[PDB]
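First, one chain by itself: the form deposited in one PDB entry, in structure tokens.
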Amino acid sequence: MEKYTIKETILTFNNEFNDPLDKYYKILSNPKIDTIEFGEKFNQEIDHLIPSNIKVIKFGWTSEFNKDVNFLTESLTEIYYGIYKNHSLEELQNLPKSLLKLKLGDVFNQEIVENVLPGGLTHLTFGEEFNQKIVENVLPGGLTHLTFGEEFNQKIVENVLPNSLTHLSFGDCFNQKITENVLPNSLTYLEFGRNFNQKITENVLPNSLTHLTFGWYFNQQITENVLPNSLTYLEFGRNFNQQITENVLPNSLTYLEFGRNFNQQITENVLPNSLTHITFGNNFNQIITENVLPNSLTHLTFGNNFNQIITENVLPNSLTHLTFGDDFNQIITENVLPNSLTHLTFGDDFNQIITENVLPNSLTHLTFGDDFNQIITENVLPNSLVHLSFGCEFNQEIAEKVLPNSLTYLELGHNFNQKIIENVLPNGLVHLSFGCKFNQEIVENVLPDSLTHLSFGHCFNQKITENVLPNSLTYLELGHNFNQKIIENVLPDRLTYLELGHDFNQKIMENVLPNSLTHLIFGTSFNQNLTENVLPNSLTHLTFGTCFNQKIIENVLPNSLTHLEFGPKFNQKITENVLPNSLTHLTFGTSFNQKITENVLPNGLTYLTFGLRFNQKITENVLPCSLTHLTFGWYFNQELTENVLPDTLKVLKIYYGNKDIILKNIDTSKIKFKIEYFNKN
């Protein structure tokens, strides 16, 4: 929060770092760093202050840097400038001939002429404001990637783009005609920006283009033999809404995406059989008939407005993924969904009855939307289904033979609150999740013993008695309102994770928590005293919630515990032999402010974090002898001495505002550990 940081090869300065570099040469000469990342505030000379090991200088788009730069290392290969950086043409002419990748500053807006940009450059990106003409032999001859900024809107004529270019991206304002032989024969990716709305005729798109993306305003017809036979990816923009007739989409296309406004009829022999992915935009709402969709289609996504009926032999037998939008709510009868379909997702509005042999026997994943709320009877859900998710409004009874034996994942939605009796949930269910409103009794032999994960929503607040929870349960999450006593022989023997909710605040007696539990999480309200042999001897992680503020005496915290987190309100004395010797990570909450004497903190503790309000003196032989990471809070305001800190210490985390008081008696220039500062904002 007040430093620089090294990761892999990239050194990143602080986002607030604005200091001269004269003294960092040593730091920057570290032979394992390739790049420097500067931030928002840095605005200092970098001319002769950069060793030649760093080959990439990335400034970050909001950088405040605007210094004249004329002596970059002749080993630089990449540099990217930010929003406030300008250039003179001299500066660009002084760029090193090693440069391969360049983003110009966003202020720059002067005509670049011949023999200015580095000749060997391969990647060029113009700044936001650049909008000057470009003529022949201006762009480096071996350029491969060219990206224009927002404001560029100048004509591009023949032989200005290198015949080596593969990637071309226009910005928001570009809107000039593109004529024959302007786009290089090597181009593969072409992206137009917001305002491009110009006709595209034959022999304009090269024979090598694979990816074509239009932007917001493009809305011109696409005629026969305009799209090359190499195109595999075609994405239209918001406004494109022209009819696509026969033989205009090439026979190589695999991905087709429409934008918001496309809403034209699609007849036969328009969608090439090669297409695997089709996505419609928001407004498409035209009927699709029998032999229209390609026979290779695997993925089909409708937009929010689509709501036309789908009859037999419309969906191809290749389709595996089908996703409906908000508005779809048409009846689906028997032989409509192909027998290849594995993933079916409905949108908000779908709420039609689904009868016997509508859902194909290949379906593995069925997701309903907000409104679905019809009864589901026997032989409706197929026997291949593993994953079933209901939406907010489903709230119908689920009878015995409704859910298939193959189901492993059941998620019930916000409003579901019907009774669940025996032989409803299939043996084999692994994940069961109840939504907000579920609050019905769960008696025994209801939850399948195969279940491992069980979580309840806001409202569940029913008793859990004996042999109710399945034998294989490893994960139990209780919700906001759960506040019932948990008794002996309720939690099963393989439970490792138990999370209690906001309201839970009942006493826990001795043989309640199983000796398999490793993780215990108390909610906001828990504030009951914990006594001896209550917490099991397997527990490694203990987290207290907001309100827990009871004194912990000896032989309460188990001898297995490694990670202890107190909550905001915990503020009780901790004396000798209370924290187990196994502890390695200890975190106090906001309000803890008690004196800590010697022989209290386990010596094997490695991570210690005090909270906001802690402010007690630290004397000798108080801090653990193994401690490596010590963090104090905002209000800590005590002198630390070198004889008080253990020799193992690696990192001390401190509030900057109080450094002068905390480090009064510490030569920062002779310590073996690293000091990290934090701010209030």
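Numbering starts at 1 and runs along the sequence shown. By rigid core we mean the largest C-alpha set that fits within 1.5 Å across both forms.
Keep in mind the form deposited in another entry is missing from the figure; the text below concerns it.
When two forms of a protein are overlaid on their rigid core, residues whose CA moves 2 Å or more are considered shifted, and residue 36 is not one of them between the shown form and the other one. Taking the rigid core as fixed, one finds a CA shift for residue 639 of 2 Å or more between the shown form and the other one. Residue 61: CA moves less than 2 Å between the shown form and the other one after rigid-core fitting.
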